[PDB]
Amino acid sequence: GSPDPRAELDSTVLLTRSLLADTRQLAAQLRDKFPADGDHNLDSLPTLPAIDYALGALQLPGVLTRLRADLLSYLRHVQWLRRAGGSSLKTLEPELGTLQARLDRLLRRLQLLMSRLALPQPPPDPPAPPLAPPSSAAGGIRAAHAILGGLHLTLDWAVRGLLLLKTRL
């Protein structure tokens, strides 16, 4: 019947938290295997979404639309990573592929949430060209740290924004 937005948000936030946990674990696996010099630029990829720290600005339709766009970008980068990452990354390949599948599940839940709540369809941003292969095996590892680190932050700030937004419904 008629949807309860608080329940729809709850189930969407819960699923987001699970993906956040998966991402946090995989980033830790990678860091444990490549401690290197500590940390590298999360800006090591200019093609990834920027992190939106501005809470209280956007409303629910806008927050959801931008999250959908961000997640689709992360899915593109994860798919790219699994293909051209190199031998160094294939020890993470099962977890990466499961992360990609759960990323798709969250995208579908967001699409369902927007349909159930009658929120106008997000305008499709034109398609970015294919991601070029990393210039080196090290470059692929740096890309993996940036992709997983950025996804974690995106999901963390989405949970925060959706919970503070639900507080007012």
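All residue numbers refer to positions in the sequence shown, first residue = 1.
According to the PDB record, 45-53 carries the higher mean C-alpha B-factor of the two stretches 45-53 and 104-112. Comparing the deposited coordinates for 54-62 and 113-121, the stretch with the larger average C-alpha B-factor is 54-62. Between the residues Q79, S73, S88, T98, the entry's highest C-alpha temperature factor is the one at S88. Among the modelled residues of its chain, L131 has a C-alpha B-factor that falls in the highest third according to the deposited record. The entry lists a Cα temperature factor for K33 that places it in the highest third of the chain's modelled residues. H40 sits in the highest third of its chain by CA B factor, as recorded in the PDB entry.
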